Amino acid sequence: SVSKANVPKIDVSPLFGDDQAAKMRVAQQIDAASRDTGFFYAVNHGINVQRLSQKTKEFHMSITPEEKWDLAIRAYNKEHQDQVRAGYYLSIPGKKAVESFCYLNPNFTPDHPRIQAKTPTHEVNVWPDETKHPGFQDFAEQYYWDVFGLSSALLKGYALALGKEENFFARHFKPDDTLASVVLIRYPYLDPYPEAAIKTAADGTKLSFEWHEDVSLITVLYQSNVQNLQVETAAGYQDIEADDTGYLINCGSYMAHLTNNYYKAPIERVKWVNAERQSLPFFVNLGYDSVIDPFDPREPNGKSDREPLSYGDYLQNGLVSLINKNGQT
Ligand SMILES: CC(C)[C@@H](NC(=O)[C@H](CS)NC(=O)CCC[C@H](N)C(=O)O)C(=O)O
Ligand SMILES: [Fe+3]
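Numbers in UniProt numbering are just positions in the sequence shown, counted from 1, shifted up by 2.
Okay, here's the thing in structure tokens:
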């Protein structure tokens, strides 16, 4: 029936250090994984993922219907026209099981020039009442910077893996302008589970979210210990093993663009599982004006004829296209 994807566990801790040869050995493993199924687990990453899943659980289970409307993105609340990305994504009982909360760069404030200029994809985060969710905002903002630091190191590994200097990507990944987002996703246990919330794939598999390529440079994902993800290969979809201690890493379609598809953006989908679980992606996005010059590591001269793509326009297009294809989450 369904085979299992080879998803190696890569000790990424050398990427935080100054042992350059050890960094290269990590880079080789990243290269191999990126050329195989496109996924690896980053282990020995230094993030307290036990507290992450705890603080997230407390929030999802304690937020009330009134608070969800008050935080809701524009897709669920016409009063909130500035909330395209950040805020609460409501479930629809009987129809849509998943619900989630998305937040962006905490440095996006009314003082920020991109907020002042009303540049697309930049928004000021919305937060629940502190007294109703003590410590939640503090946890969430600190987590953003914790995973930012992990992601910076991973980007050093990807750069070395492609034959570049280690800051080739990370130099565009900055706290003052990153469009990176965290999404705290709840997938509920439901009895009965509404069939309307289950999609059926071409191959018959029941899904919660259909196939797609990630809109990101890379995706840095923590999930609770419930197997659900699949990656498409030429021989069909393969199950990605769960690992609630590691971070599941893959390239997004911006990486595929700039490498001339040498590191493809894998096609992934989410199987339907009737189980309470958490999915907490960090989408590594660059700045709105960031441009990486494409190259082709397959060619002796490394030359690509692909257009340099401004990251902001890429992100705007990608997020709207994904909603159109796979629905409003
Ligand atoms: C597969 C997981 C990463 C997760 N899927 C997801 O997060 C899916 C597919 S990558 N991503 C999205 O819908 C895009 C969210 C973008 C976010 N609101 C933003 O403004 O930056 C899931 O569990 O459904
Ligand atoms: Fe995805």
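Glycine included, each C-beta is placed from N, C-alpha and C at the ideal position.
Checklist entry - Under the criterion of a Cβ to heavy atom distance below 7 Å, does residue 110 qualify as lining ligand 1? => result no
Next on the checklist: Strictly closer than 6 Å from CB to any heavy atom of ligand 2: give me those residues in the order they appear in the chain.
Outcome noted: 214, 216 and 270
Checklist entry - Who are the near neighbours of residue 19 in its chain, counting only those whose CB is closer than 8 Å to its CB and skipping five residues on each side? => result 25
Checklist entry - If we ignore side chains and look at the alpha-carbon of each, how far apart do residue 260 and residue 294 end up? => result 7 Å
Item to check | Rounded distance between the beta-carbons of residue 239 and residue 205, thought under 8 Å | outcome: 7 Å
Checklist entry - Can you tell me where the beta strand (DSSP E) with residue 251 in it begins and where it stops? => result 249-253
Next on the checklist: Once the 5 residues before and after residue 84 are set aside, which same chain residues still bring their CB inside 7 Å of it?
Outcome noted: 125
Item to check | Through-space distance from residue 172 to residue 313, alpha-carbon basis | outcome: 14 Å
Checklist entry - Got a sec: does ligand 1 put a non-hydrogen atom nearer than 7 Å to the Cβ of residue 183? => result yes
Checklist entry - Would residue 252 be called buried (16 or more neighbouring beta carbons within 10 Å of its own) or exposed? => result buried
Next on the checklist: Which residue wins for smallest C-alpha separation from residue 331, given the options 50, 89 and 41?
Outcome noted: 89
Checklist entry - Where does the unbroken alpha helix (DSSP H) through residue 221 begin, and where does it stop? => result Looking at the DSSP string, residue 221 is not in any alpha helix (DSSP H); the run it does join, the beta strand (DSSP E), is 220-225.
Item to check | Span of the beta strand (DSSP E), counted from its first residue to its last, around residue 183 | outcome: 183-189
Checklist entry - For ligand 1, any of its heavy atoms closer than 7 Å to the Cβ of residue 187? => result yes
Next on the checklist: From the DSSP secondary-structure annotation, give me the bridge partner or partners of residue 316.
Outcome noted: Looking at the DSSP assignment, residue 316 forms no beta bridge with any residue, so it has no partner.
Item to check | residue 309, DSSP secondary structure in three states | outcome: coil
Item to check | First through last residue of the alpha helix (DSSP H) which encompasses residue 269 | outcome: Looking at the DSSP string, residue 269 is not in any alpha helix (DSSP H); the run it does join, the beta strand (DSSP E), is 269-273.
Checklist entry - Got a sec: does ligand 1 put a non-hydrogen atom nearer than 7 Å to the Cβ of residue 104? => result yes
Next on the checklist: Just to confirm my understanding: we take residue 1, look at its own chain, exclude 5 residues before and 5 after, and list those with CB closer than 6 Å. What are they?
Outcome noted: Nothing can be reported for residue 1, as the shown portion of the chain is limited to 3 through 331.
Checklist entry - Alpha carbon to alpha carbon, what distance is there between residue 78 and residue 237? => result 39 Å
Next on the checklist: Please classify residue 256 as buried or exposed, where buried requires at least 16 neighbouring CB atoms within 10 angstroms.
Outcome noted: buried
Item to check | Contact under 8 Å by Cβ, residue 292 with residue 174 | outcome: yes
Next on the checklist: Quick check for students: name the residue ranges of the beta strand (DSSP E) that lie wholly in the region 94-151, counting only runs of 3 or more.
Outcome noted: 101-105
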